[PDB]
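Below is the file data-v1.txt, which contains compact mmCIF, N, CA, C and O atoms.
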```
# COMPACT_ATOMS: atom_id res chain seq x y z
N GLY A 611 -29.26 -74.29 96.50
CA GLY A 611 -28.75 -75.23 95.52
C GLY A 611 -29.57 -76.49 95.47
O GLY A 611 -30.77 -76.51 95.74
N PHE A 612 -28.90 -77.57 95.10
CA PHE A 612 -29.51 -78.88 94.96
C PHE A 612 -28.41 -79.91 95.16
O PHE A 612 -27.25 -79.57 95.38
N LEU A 613 -28.78 -81.18 95.06
CA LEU A 613 -27.88 -82.27 95.40
C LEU A 613 -27.80 -83.22 94.21
O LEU A 613 -28.68 -84.05 94.01
N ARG A 614 -26.74 -83.08 93.42
CA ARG A 614 -26.59 -83.85 92.19
C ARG A 614 -25.79 -85.12 92.44
O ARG A 614 -24.70 -85.08 93.01
N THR A 615 -26.35 -86.24 92.01
CA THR A 615 -25.60 -87.49 92.04
C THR A 615 -24.50 -87.48 90.98
O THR A 615 -24.61 -86.84 89.93
N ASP A 616 -23.41 -88.19 91.28
CA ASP A 616 -22.26 -88.24 90.38
C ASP A 616 -22.43 -89.39 89.40
O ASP A 616 -21.78 -90.44 89.48
N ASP A 617 -23.33 -89.18 88.45
CA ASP A 617 -23.64 -90.20 87.46
C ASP A 617 -22.51 -90.41 86.46
O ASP A 617 -22.37 -91.52 85.93
N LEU A 618 -21.71 -89.38 86.19
CA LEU A 618 -20.64 -89.53 85.21
C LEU A 618 -19.41 -90.19 85.82
O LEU A 618 -18.61 -90.80 85.10
N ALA A 619 -19.23 -90.07 87.13
CA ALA A 619 -18.06 -90.69 87.76
C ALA A 619 -18.27 -92.17 88.00
O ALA A 619 -17.34 -92.96 87.80
N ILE A 620 -19.47 -92.57 88.42
CA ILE A 620 -19.74 -93.97 88.73
C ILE A 620 -19.77 -94.80 87.45
O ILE A 620 -19.27 -95.94 87.41
N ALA A 621 -20.31 -94.24 86.37
CA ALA A 621 -20.27 -94.92 85.08
C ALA A 621 -18.86 -94.99 84.52
O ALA A 621 -18.56 -95.87 83.70
N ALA A 622 -17.98 -94.09 84.94
CA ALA A 622 -16.56 -94.16 84.62
C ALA A 622 -15.77 -94.88 85.69
O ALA A 622 -14.55 -95.01 85.56
N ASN A 623 -16.45 -95.32 86.76
CA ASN A 623 -15.91 -96.16 87.83
C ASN A 623 -14.76 -95.48 88.56
O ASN A 623 -13.75 -96.11 88.88
N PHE A 624 -14.90 -94.19 88.83
CA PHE A 624 -13.94 -93.40 89.57
C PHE A 624 -14.00 -93.72 91.06
O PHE A 624 -15.03 -94.20 91.55
N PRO A 625 -12.91 -93.50 91.80
CA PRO A 625 -12.96 -93.73 93.25
C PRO A 625 -13.80 -92.68 93.97
O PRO A 625 -13.65 -91.48 93.75
N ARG A 626 -14.70 -93.15 94.82
CA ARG A 626 -15.51 -92.30 95.67
C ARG A 626 -15.48 -92.85 97.09
O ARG A 626 -15.28 -94.05 97.29
N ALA A 627 -15.68 -91.98 98.06
CA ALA A 627 -15.62 -92.38 99.46
C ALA A 627 -16.99 -92.57 100.09
O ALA A 627 -17.08 -92.59 101.32
N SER A 628 -18.04 -92.69 99.30
CA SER A 628 -19.39 -92.80 99.82
C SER A 628 -20.10 -93.99 99.21
O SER A 628 -19.56 -94.73 98.38
N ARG A 629 -21.35 -94.18 99.64
CA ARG A 629 -22.25 -95.11 98.99
C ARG A 629 -23.03 -94.44 97.87
O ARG A 629 -23.14 -95.00 96.77
N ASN A 630 -23.56 -93.25 98.12
CA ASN A 630 -24.14 -92.43 97.06
C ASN A 630 -23.30 -91.17 96.85
O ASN A 630 -23.36 -90.25 97.69
N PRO A 631 -22.51 -91.09 95.79
CA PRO A 631 -21.66 -89.91 95.59
C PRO A 631 -22.47 -88.69 95.19
O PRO A 631 -22.93 -88.57 94.06
N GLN A 632 -22.62 -87.76 96.13
CA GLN A 632 -23.50 -86.61 95.97
C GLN A 632 -22.76 -85.36 96.41
O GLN A 632 -22.49 -85.18 97.60
N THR A 633 -22.45 -84.50 95.45
CA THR A 633 -21.85 -83.20 95.72
C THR A 633 -22.94 -82.14 95.71
O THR A 633 -24.02 -82.34 95.16
N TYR A 634 -22.65 -81.00 96.33
CA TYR A 634 -23.64 -79.95 96.47
C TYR A 634 -23.28 -78.80 95.53
O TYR A 634 -22.41 -77.99 95.84
N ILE A 635 -23.97 -78.74 94.40
CA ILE A 635 -23.83 -77.64 93.45
C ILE A 635 -24.52 -76.42 94.05
O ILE A 635 -25.66 -76.54 94.52
N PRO A 636 -23.87 -75.25 94.07
CA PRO A 636 -24.39 -74.14 94.89
C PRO A 636 -25.68 -73.51 94.40
O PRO A 636 -26.44 -73.00 95.24
N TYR A 637 -25.96 -73.50 93.10
CA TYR A 637 -27.18 -72.89 92.58
C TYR A 637 -27.59 -73.44 91.23
O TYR A 637 -26.75 -73.80 90.39
N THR A 638 -28.90 -73.46 91.01
CA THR A 638 -29.58 -74.16 89.94
C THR A 638 -29.31 -73.48 88.60
O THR A 638 -29.17 -72.26 88.52
N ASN A 639 -29.22 -74.29 87.54
CA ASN A 639 -29.29 -73.76 86.19
C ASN A 639 -30.67 -73.16 85.94
O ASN A 639 -31.70 -73.78 86.22
N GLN A 640 -30.69 -71.96 85.37
CA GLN A 640 -31.88 -71.11 85.39
C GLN A 640 -32.21 -70.59 84.00
O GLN A 640 -32.40 -69.39 83.79
N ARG A 641 -32.27 -71.48 83.01
CA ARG A 641 -32.52 -71.05 81.64
C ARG A 641 -33.97 -70.61 81.46
O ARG A 641 -34.86 -70.96 82.24
N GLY A 642 -34.19 -69.80 80.42
CA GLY A 642 -35.53 -69.51 79.93
C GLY A 642 -36.42 -68.68 80.82
O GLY A 642 -37.62 -68.55 80.54
N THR A 643 -35.88 -68.11 81.89
CA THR A 643 -36.69 -67.38 82.86
C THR A 643 -36.52 -65.88 82.66
O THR A 643 -35.45 -65.42 82.24
N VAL A 644 -37.58 -65.13 82.95
CA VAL A 644 -37.48 -63.68 82.98
C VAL A 644 -36.92 -63.21 84.31
O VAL A 644 -35.86 -62.57 84.38
N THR A 645 -37.62 -63.53 85.40
CA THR A 645 -37.08 -63.31 86.73
C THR A 645 -36.20 -64.50 87.10
O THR A 645 -36.61 -65.65 86.94
N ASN A 646 -35.01 -64.22 87.59
CA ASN A 646 -34.08 -65.26 87.99
C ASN A 646 -34.38 -65.68 89.42
O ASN A 646 -34.28 -64.87 90.35
N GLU A 647 -34.73 -66.95 89.61
CA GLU A 647 -35.11 -67.46 90.92
C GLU A 647 -33.96 -67.57 91.91
O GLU A 647 -34.20 -67.85 93.09
N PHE A 648 -32.71 -67.36 91.48
CA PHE A 648 -31.63 -67.19 92.44
C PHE A 648 -31.43 -65.72 92.79
O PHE A 648 -31.06 -65.42 93.93
N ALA A 649 -31.68 -64.82 91.85
CA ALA A 649 -31.55 -63.40 92.14
C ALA A 649 -32.68 -62.90 93.03
O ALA A 649 -32.45 -62.04 93.88
N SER A 650 -33.89 -63.44 92.87
CA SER A 650 -35.01 -63.01 93.69
C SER A 650 -34.92 -63.51 95.12
O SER A 650 -35.62 -62.98 95.98
N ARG A 651 -34.10 -64.52 95.39
CA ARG A 651 -33.80 -64.88 96.77
C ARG A 651 -33.02 -63.78 97.46
O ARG A 651 -33.26 -63.47 98.63
N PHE A 652 -32.10 -63.14 96.73
CA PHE A 652 -31.35 -62.04 97.31
C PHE A 652 -32.19 -60.77 97.42
O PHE A 652 -31.83 -59.87 98.19
N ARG A 653 -33.31 -60.69 96.70
CA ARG A 653 -34.25 -59.59 96.91
C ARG A 653 -34.89 -59.68 98.29
O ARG A 653 -34.97 -58.68 99.01
N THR A 654 -35.34 -60.87 98.68
CA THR A 654 -36.00 -61.05 99.96
C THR A 654 -35.04 -61.02 101.13
O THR A 654 -35.48 -60.93 102.28
N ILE A 655 -33.73 -61.11 100.88
CA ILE A 655 -32.76 -60.98 101.96
C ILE A 655 -32.50 -59.51 102.27
O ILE A 655 -32.48 -59.10 103.43
N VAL A 656 -32.30 -58.71 101.22
CA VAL A 656 -32.11 -57.27 101.40
C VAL A 656 -33.38 -56.62 101.95
O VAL A 656 -33.31 -55.76 102.83
N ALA A 657 -34.55 -57.07 101.48
CA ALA A 657 -35.82 -56.61 102.04
C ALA A 657 -36.01 -57.02 103.49
O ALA A 657 -36.78 -56.38 104.21
N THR A 658 -35.33 -58.08 103.93
CA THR A 658 -35.28 -58.39 105.36
C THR A 658 -34.21 -57.56 106.06
O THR A 658 -34.44 -57.05 107.16
N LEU A 659 -33.05 -57.40 105.41
CA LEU A 659 -31.97 -56.62 105.99
C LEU A 659 -32.25 -55.13 106.01
O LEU A 659 -31.62 -54.40 106.78
N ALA B 563 -64.68 -65.74 69.10
CA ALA B 563 -65.91 -65.19 69.63
C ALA B 563 -65.70 -63.87 70.34
O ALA B 563 -66.68 -63.19 70.67
N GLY B 564 -64.45 -63.48 70.59
CA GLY B 564 -64.17 -62.15 71.10
C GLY B 564 -63.65 -62.08 72.52
O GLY B 564 -63.44 -60.97 73.02
N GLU B 565 -63.43 -63.21 73.18
CA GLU B 565 -62.84 -63.14 74.51
C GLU B 565 -61.34 -62.94 74.41
O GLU B 565 -60.71 -63.20 73.38
N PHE B 566 -60.75 -62.47 75.50
CA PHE B 566 -59.31 -62.29 75.60
C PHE B 566 -58.73 -63.52 76.28
O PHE B 566 -58.77 -63.63 77.51
N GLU B 567 -58.21 -64.45 75.49
CA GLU B 567 -57.59 -65.67 76.02
C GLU B 567 -56.17 -65.32 76.44
O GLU B 567 -55.26 -65.27 75.60
N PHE B 568 -55.98 -65.08 77.73
CA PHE B 568 -54.64 -64.82 78.24
C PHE B 568 -53.85 -66.11 78.32
O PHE B 568 -54.40 -67.21 78.46
N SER B 569 -52.53 -65.98 78.23
CA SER B 569 -51.65 -67.14 78.18
C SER B 569 -51.23 -67.64 79.55
O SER B 569 -51.29 -68.84 79.81
N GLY B 570 -50.82 -66.74 80.44
CA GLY B 570 -50.37 -67.17 81.75
C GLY B 570 -48.91 -67.55 81.82
O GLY B 570 -48.53 -68.32 82.70
N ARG B 571 -48.09 -67.02 80.92
CA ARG B 571 -46.67 -67.33 80.89
C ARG B 571 -45.88 -66.04 80.95
O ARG B 571 -46.21 -65.06 80.28
N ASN B 572 -44.83 -66.04 81.76
CA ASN B 572 -43.95 -64.87 81.89
C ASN B 572 -42.87 -65.01 80.83
O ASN B 572 -41.81 -65.60 81.07
N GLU B 573 -43.14 -64.48 79.65
CA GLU B 573 -42.20 -64.54 78.54
C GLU B 573 -41.86 -63.14 78.09
O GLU B 573 -42.74 -62.27 78.02
N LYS B 574 -40.58 -62.91 77.79
CA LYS B 574 -40.18 -61.64 77.21
C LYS B 574 -40.75 -61.51 75.81
O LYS B 574 -40.76 -62.46 75.02
N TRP B 575 -41.22 -60.31 75.50
CA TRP B 575 -41.72 -60.00 74.17
C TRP B 575 -40.54 -59.81 73.24
O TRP B 575 -39.50 -59.28 73.65
N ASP B 576 -40.69 -60.25 72.01
CA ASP B 576 -39.80 -59.84 70.94
C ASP B 576 -40.66 -59.37 69.78
O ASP B 576 -41.84 -59.73 69.69
N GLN B 577 -40.07 -58.57 68.90
CA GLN B 577 -40.86 -57.92 67.87
C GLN B 577 -41.23 -58.87 66.74
O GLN B 577 -42.03 -58.51 65.87
N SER B 578 -40.70 -60.10 66.74
CA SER B 578 -41.20 -61.10 65.81
C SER B 578 -42.58 -61.62 66.21
O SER B 578 -43.22 -62.29 65.40
N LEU B 579 -43.04 -61.33 67.43
CA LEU B 579 -44.41 -61.68 67.80
C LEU B 579 -45.41 -60.61 67.38
O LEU B 579 -46.59 -60.72 67.70
N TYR B 580 -44.94 -59.55 66.71
CA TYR B 580 -45.86 -58.49 66.28
C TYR B 580 -46.79 -58.99 65.18
O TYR B 580 -47.94 -58.55 65.10
N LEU B 581 -46.30 -59.88 64.33
CA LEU B 581 -47.14 -60.36 63.24
C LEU B 581 -48.00 -61.54 63.67
O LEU B 581 -48.90 -61.95 62.93
N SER B 582 -47.74 -62.10 64.85
CA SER B 582 -48.51 -63.23 65.34
C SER B 582 -49.76 -62.74 66.07
O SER B 582 -50.04 -61.54 66.15
N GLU B 583 -50.52 -63.68 66.61
CA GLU B 583 -51.76 -63.34 67.30
C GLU B 583 -51.56 -62.98 68.76
O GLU B 583 -52.55 -62.79 69.47
N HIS B 584 -50.32 -62.88 69.23
CA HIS B 584 -50.06 -62.48 70.60
C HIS B 584 -50.02 -60.97 70.71
O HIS B 584 -49.53 -60.28 69.81
N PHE B 585 -50.55 -60.44 71.81
CA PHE B 585 -50.53 -59.01 72.09
C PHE B 585 -49.71 -58.75 73.35
O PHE B 585 -49.46 -59.67 74.13
N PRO B 586 -49.27 -57.52 73.57
CA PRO B 586 -48.74 -57.17 74.90
C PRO B 586 -49.86 -57.11 75.92
O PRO B 586 -50.92 -56.54 75.66
N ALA B 587 -49.62 -57.68 77.10
CA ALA B 587 -50.69 -57.79 78.08
C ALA B 587 -50.84 -56.57 78.96
O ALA B 587 -51.81 -56.49 79.71
N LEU B 588 -49.90 -55.62 78.91
CA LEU B 588 -50.08 -54.38 79.64
C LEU B 588 -51.18 -53.52 79.04
O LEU B 588 -51.74 -52.68 79.75
N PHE B 589 -51.50 -53.71 77.77
CA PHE B 589 -52.37 -52.81 77.03
C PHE B 589 -53.73 -53.43 76.75
O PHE B 589 -54.41 -53.04 75.80
N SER B 590 -54.14 -54.41 77.56
CA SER B 590 -55.43 -55.04 77.35
C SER B 590 -56.56 -54.18 77.90
O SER B 590 -57.71 -54.33 77.47
N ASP B 591 -56.25 -53.29 78.85
CA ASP B 591 -57.20 -52.42 79.55
C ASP B 591 -58.31 -53.22 80.24
O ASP B 591 -59.45 -52.77 80.32
N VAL B 592 -57.98 -54.41 80.73
CA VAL B 592 -58.93 -55.25 81.44
C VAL B 592 -58.68 -55.07 82.94
O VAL B 592 -57.52 -55.20 83.37
N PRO B 593 -59.69 -54.76 83.74
CA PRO B 593 -59.47 -54.59 85.18
C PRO B 593 -59.17 -55.92 85.84
O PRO B 593 -59.86 -56.92 85.63
N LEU B 594 -58.11 -55.93 86.64
CA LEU B 594 -57.67 -57.12 87.36
C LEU B 594 -57.86 -56.91 88.86
O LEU B 594 -57.60 -55.82 89.38
N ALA B 595 -58.33 -57.95 89.54
CA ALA B 595 -58.57 -57.87 90.97
C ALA B 595 -57.25 -57.87 91.72
O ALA B 595 -56.45 -58.81 91.59
N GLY B 596 -57.01 -56.83 92.51
CA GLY B 596 -55.84 -56.73 93.34
C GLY B 596 -54.70 -55.95 92.72
O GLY B 596 -53.84 -55.44 93.45
N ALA B 597 -54.66 -55.86 91.39
CA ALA B 597 -53.61 -55.17 90.67
C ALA B 597 -54.15 -53.96 89.92
O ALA B 597 -53.84 -53.74 88.75
N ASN B 598 -54.99 -53.16 90.58
CA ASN B 598 -55.60 -52.01 89.92
C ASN B 598 -54.61 -50.87 89.73
O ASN B 598 -54.83 -50.00 88.87
N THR B 599 -53.53 -50.84 90.50
CA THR B 599 -52.59 -49.73 90.40
C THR B 599 -51.75 -49.83 89.12
O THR B 599 -51.40 -48.80 88.53
N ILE B 600 -51.47 -51.05 88.66
CA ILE B 600 -50.76 -51.22 87.40
C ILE B 600 -51.63 -50.80 86.22
O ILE B 600 -51.17 -50.13 85.29
N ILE B 601 -52.92 -51.18 86.26
CA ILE B 601 -53.83 -50.84 85.17
C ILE B 601 -54.10 -49.34 85.13
O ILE B 601 -54.19 -48.75 84.05
N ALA B 602 -54.16 -48.70 86.30
CA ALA B 602 -54.40 -47.26 86.35
C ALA B 602 -53.22 -46.45 85.82
O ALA B 602 -53.41 -45.29 85.45
N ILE B 603 -52.02 -47.03 85.77
CA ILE B 603 -50.90 -46.36 85.12
C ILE B 603 -50.93 -46.62 83.62
O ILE B 603 -50.61 -45.74 82.82
N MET B 604 -51.40 -47.80 83.20
CA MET B 604 -51.52 -48.10 81.78
C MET B 604 -52.67 -47.36 81.10
O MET B 604 -52.77 -47.40 79.87
N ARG B 605 -53.55 -46.70 81.85
CA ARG B 605 -54.54 -45.83 81.24
C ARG B 605 -53.95 -44.52 80.76
O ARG B 605 -54.61 -43.79 80.02
N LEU B 606 -52.72 -44.20 81.17
CA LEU B 606 -52.08 -42.95 80.81
C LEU B 606 -51.44 -42.99 79.43
O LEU B 606 -51.05 -41.95 78.91
N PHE B 607 -51.33 -44.17 78.83
CA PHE B 607 -50.74 -44.34 77.51
C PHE B 607 -51.76 -44.26 76.39
O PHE B 607 -51.40 -44.53 75.24
N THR B 608 -53.01 -43.92 76.69
CA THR B 608 -54.02 -43.91 75.65
C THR B 608 -53.81 -42.72 74.73
O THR B 608 -53.34 -41.66 75.16
N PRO B 609 -54.06 -42.88 73.43
CA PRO B 609 -53.93 -41.76 72.51
C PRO B 609 -55.04 -40.74 72.71
O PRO B 609 -56.16 -41.06 73.10
N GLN B 610 -54.69 -39.48 72.43
CA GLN B 610 -55.61 -38.38 72.68
C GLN B 610 -56.07 -37.77 71.37
O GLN B 610 -56.19 -36.55 71.25
```

Could you spell out this file's structure in C-alpha cells?
Amino acid sequence: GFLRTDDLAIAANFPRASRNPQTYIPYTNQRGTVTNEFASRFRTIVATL
Amino acid sequence: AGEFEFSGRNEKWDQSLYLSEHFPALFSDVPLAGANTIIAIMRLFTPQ
C-alpha cells in the first residue's frame, strides 16, 4: 500500500489524534495498466510458495 | 526512411488503431536479444 495524508479531514477541521493524520490504504489505485502491479505481487508469492 | 520506431509502452491494442500508423509488435519479425523464443513462435503465423 501507501500512506495517504488526511487532507480532506484537516481542511474540514475534523478531530484527529495525531500531528500528521496518516491512514494506511491497503493497495494503490491502478488505472490504465495492462499488468496489475498488485496482482503481480501475488505472482511472486505463489512462485515462492 | 524505413526504420521500425518502436513505442516502448505496454498498451492493449484496440481495433480503432488499425487505421492508424501503429502496428502489432508481435508481428514485426525483428530478432530481439534474449527473447528469441517469443519470436520463434511468431514465425509460425506466416502465410504459406

Report task. For atom O of residue 579 (chain B) and atom N of residue 596 (chain B), quote the distance in Å rounded to one decimal. Result -> 27.2 Å

As a short mmCIF file (atom, residue, chain, number, x, y, z; two decimals) with N, CA, C and O atoms, in the coordinates of the input, please: the residues near region 600-608 of chain B (cut-off 8 Å, all atoms listed in the file, same-chain neighbours under 5 positions excluded).
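Printed below is out.cif as written:
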```
data_model
loop_
_atom_site.label_atom_id
_atom_site.label_comp_id
_atom_site.auth_asym_id
_atom_site.auth_seq_id
_atom_site.Cartn_x
_atom_site.Cartn_y
_atom_site.Cartn_z
N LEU B 588 -49.90 -55.62 78.91
CA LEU B 588 -50.08 -54.38 79.64
C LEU B 588 -51.18 -53.52 79.04
O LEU B 588 -51.74 -52.68 79.75
N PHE B 589 -51.50 -53.71 77.77
CA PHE B 589 -52.37 -52.81 77.03
C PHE B 589 -53.73 -53.43 76.75
O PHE B 589 -54.41 -53.04 75.80
N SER B 590 -54.14 -54.41 77.56
CA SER B 590 -55.43 -55.04 77.35
C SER B 590 -56.56 -54.18 77.90
O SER B 590 -57.71 -54.33 77.47
N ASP B 591 -56.25 -53.29 78.85
CA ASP B 591 -57.20 -52.42 79.55
C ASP B 591 -58.31 -53.22 80.24
O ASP B 591 -59.45 -52.77 80.32
N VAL B 592 -57.98 -54.41 80.73
CA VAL B 592 -58.93 -55.25 81.44
C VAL B 592 -58.68 -55.07 82.94
O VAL B 592 -57.52 -55.20 83.37
N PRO B 593 -59.69 -54.76 83.74
CA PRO B 593 -59.47 -54.59 85.18
C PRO B 593 -59.17 -55.92 85.84
O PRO B 593 -59.86 -56.92 85.63
N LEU B 594 -58.11 -55.93 86.64
CA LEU B 594 -57.67 -57.12 87.36
C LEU B 594 -57.86 -56.91 88.86
O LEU B 594 -57.60 -55.82 89.38
#
```

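With the cut-off set to 9 Å and only C-alpha atoms counted, chain A residues close to chain B are residues 642, 643, 644 and 645 of chain A.
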
Restricting the output to N, CA, C and O atoms, write the selected residues as an mmCIF file, keeping the file's coordinate frame.
```cif
data_model
loop_
_atom_site.group_PDB
_atom_site.id
_atom_site.type_symbol
_atom_site.label_atom_id
_atom_site.label_comp_id
_atom_site.auth_asym_id
_atom_site.auth_seq_id
_atom_site.Cartn_x
_atom_site.Cartn_y
_atom_site.Cartn_z
ATOM 1 N N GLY A 642 -34.190 -69.800 80.420
ATOM 2 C CA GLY A 642 -35.530 -69.510 79.930
ATOM 3 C C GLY A 642 -36.420 -68.680 80.820
ATOM 4 O O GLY A 642 -37.620 -68.550 80.540
ATOM 5 N N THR A 643 -35.880 -68.110 81.890
ATOM 6 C CA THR A 643 -36.690 -67.380 82.860
ATOM 7 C C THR A 643 -36.520 -65.880 82.660
ATOM 8 O O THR A 643 -35.450 -65.420 82.240
ATOM 9 N N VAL A 644 -37.580 -65.130 82.950
ATOM 10 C CA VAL A 644 -37.480 -63.680 82.980
ATOM 11 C C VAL A 644 -36.920 -63.210 84.310
ATOM 12 O O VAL A 644 -35.860 -62.570 84.380
ATOM 13 N N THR A 645 -37.620 -63.530 85.400
ATOM 14 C CA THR A 645 -37.080 -63.310 86.730
ATOM 15 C C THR A 645 -36.200 -64.500 87.100
ATOM 16 O O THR A 645 -36.610 -65.650 86.940
#
```

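Straight-line separation from atom O of residue 615 (chain A) to atom O of residue 631 (chain A): 4.8 Å.
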
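Here atom O of residue 577 (chain B) stands at a distance of 25.2 Å from CA of residue 610 (chain B).
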
Query - DSSP-assigned strand (DSSP E or B) members of chain A, reported as a list in words - result: residues 612, 613, 614, 615, 632, 633, 634 and 635 of chain A

Could you take the residues named above and write them with N, CA, C and O atoms, as a PDB file, keeping the file's coordinate frame?
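What landed in selection.pdb:
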```pdb
ATOM      1  N   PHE A 612     -28.900 -77.570  95.100  1.00  0.00           N
ATOM      2  CA  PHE A 612     -29.510 -78.880  94.960  1.00  0.00           C
ATOM      3  C   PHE A 612     -28.410 -79.910  95.160  1.00  0.00           C
ATOM      4  O   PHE A 612     -27.250 -79.570  95.380  1.00  0.00           O
ATOM      5  N   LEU A 613     -28.780 -81.180  95.060  1.00  0.00           N
ATOM      6  CA  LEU A 613     -27.880 -82.270  95.400  1.00  0.00           C
ATOM      7  C   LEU A 613     -27.800 -83.220  94.210  1.00  0.00           C
ATOM      8  O   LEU A 613     -28.680 -84.050  94.010  1.00  0.00           O
ATOM      9  N   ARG A 614     -26.740 -83.080  93.420  1.00  0.00           N
ATOM     10  CA  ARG A 614     -26.590 -83.850  92.190  1.00  0.00           C
ATOM     11  C   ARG A 614     -25.790 -85.120  92.440  1.00  0.00           C
ATOM     12  O   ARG A 614     -24.700 -85.080  93.010  1.00  0.00           O
ATOM     13  N   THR A 615     -26.350 -86.240  92.010  1.00  0.00           N
ATOM     14  CA  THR A 615     -25.600 -87.490  92.040  1.00  0.00           C
ATOM     15  C   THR A 615     -24.500 -87.480  90.980  1.00  0.00           C
ATOM     16  O   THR A 615     -24.610 -86.840  89.930  1.00  0.00           O
ATOM     17  N   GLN A 632     -22.620 -87.760  96.130  1.00  0.00           N
ATOM     18  CA  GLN A 632     -23.500 -86.610  95.970  1.00  0.00           C
ATOM     19  C   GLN A 632     -22.760 -85.360  96.410  1.00  0.00           C
ATOM     20  O   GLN A 632     -22.490 -85.180  97.600  1.00  0.00           O
ATOM     21  N   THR A 633     -22.450 -84.500  95.450  1.00  0.00           N
ATOM     22  CA  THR A 633     -21.850 -83.200  95.720  1.00  0.00           C
ATOM     23  C   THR A 633     -22.940 -82.140  95.710  1.00  0.00           C
ATOM     24  O   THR A 633     -24.020 -82.340  95.160  1.00  0.00           O
ATOM     25  N   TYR A 634     -22.650 -81.000  96.330  1.00  0.00           N
ATOM     26  CA  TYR A 634     -23.640 -79.950  96.470  1.00  0.00           C
ATOM     27  C   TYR A 634     -23.280 -78.800  95.530  1.00  0.00           C
ATOM     28  O   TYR A 634     -22.410 -77.990  95.840  1.00  0.00           O
ATOM     29  N   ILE A 635     -23.970 -78.740  94.400  1.00  0.00           N
ATOM     30  CA  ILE A 635     -23.830 -77.640  93.450  1.00  0.00           C
ATOM     31  C   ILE A 635     -24.520 -76.420  94.050  1.00  0.00           C
ATOM     32  O   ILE A 635     -25.660 -76.540  94.520  1.00  0.00           O
TER      33      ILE A 635
END
```

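For the residues A:640, A:652, A:646, A:633, ranking by smallest atom-to-atom distance to residue 613 (chain A) using only C-alpha atoms places A:633 first.
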
Requested in this report: Please return as a ChimeraX atom specification: the residues of chain A that backbone DSSP assigns to alpha helix (DSSP H).
Outcome: /A:617-621,649-656
